[PDB]
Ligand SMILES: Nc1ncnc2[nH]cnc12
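Coming up is one lone chain in structure tokens, specifically the form deposited without this ligand.
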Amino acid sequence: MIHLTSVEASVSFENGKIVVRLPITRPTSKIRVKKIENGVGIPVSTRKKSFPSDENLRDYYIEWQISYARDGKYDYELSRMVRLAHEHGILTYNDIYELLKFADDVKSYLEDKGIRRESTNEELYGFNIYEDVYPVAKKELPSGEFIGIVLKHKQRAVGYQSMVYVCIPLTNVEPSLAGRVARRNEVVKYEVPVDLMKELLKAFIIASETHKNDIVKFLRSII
């Protein structure tokens, strides 16, 4: 007897580390499970075929389209992982300081690269072909996770949409799907490192001078 249920990211501060639990069996426009194959990943169905017992399990990750505000309020996903962390000392004054420093010392963003359509000079059967160029910026933490920043033509208006993305490999989550399949409504636990936390905030700062403003306003306020 199914009920309308929202698949969101649940962030908590438990037994020391800042934590988050995520579903791995209900794909959304924000979460889902892709397999990395040649620098880019494809969607996988965690319930049809059992994950590898190690020989590539690091290739499977959870792509989470993370954000930092639900609606004008700064207590959504990231913004909340931070508040907590700062609140419980996981995130030090200095940490926030260096970011704010970092912020101040930035003036080139991803929204600067722009999205451009350039004419090559070749042509397909009489048809003048071009190439639309979209900028993307990745980064990978030692542990294995990687941050992605993308740009989108502002849905219903003029401008852009910098979208921070994070991905944490199945090898970095609890439990370990090694050699099995996902359970009907399986959720996993992922402890969050400050660097990861710090990079996600940094990732926005360089993403676009708007996002910066916010990240610089959120962080200042928490002082």
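Start at 1 and count along the sequence shown; that's the residue number.
Looking at mean Cα B-factors across 31-39 and 181-189, the upper value is held by 31-39. In this entry, 151-159 has the higher mean Cα B-factor, the comparison being between 151-159 and 42-50. Per the deposited coordinates, the residue with the largest Cα temperature factor out of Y125, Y130, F102, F146 is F102.
The entry lists a Cα temperature factor for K138 that places it in the lowest third of the chain's modelled residues. Among the modelled residues of its chain, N213 has a C-alpha B-factor that falls in the highest third according to the deposited record. Sort the modelled residues of the chain by CA B factor and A69 lands in the highest third.
Quick note: we don't show the form deposited with this ligand bound, though the next part is all about it.
When this ligand is superposed onto this form from its pose in the deposited complex, three or more of its atoms come within 2.4 Å of a backbone or C-beta atom, and the site is therefore classed as blocked. Shown alone here, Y68 lies within 4.5 Å of this ligand in the deposited complex, counting heavy atoms only. Contact annotation for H211: at least one heavy atom lies within 4.5 Å of this ligand in the deposited complex. Heavy atoms of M163 reach within 4.5 Å of this ligand in the deposited complex, making it an interface residue. The stretch among 189-197, 34-42, 59-67, 169-177 whose residues place heavy atoms within 4.5 Å of this ligand in the deposited complex is 59-67.
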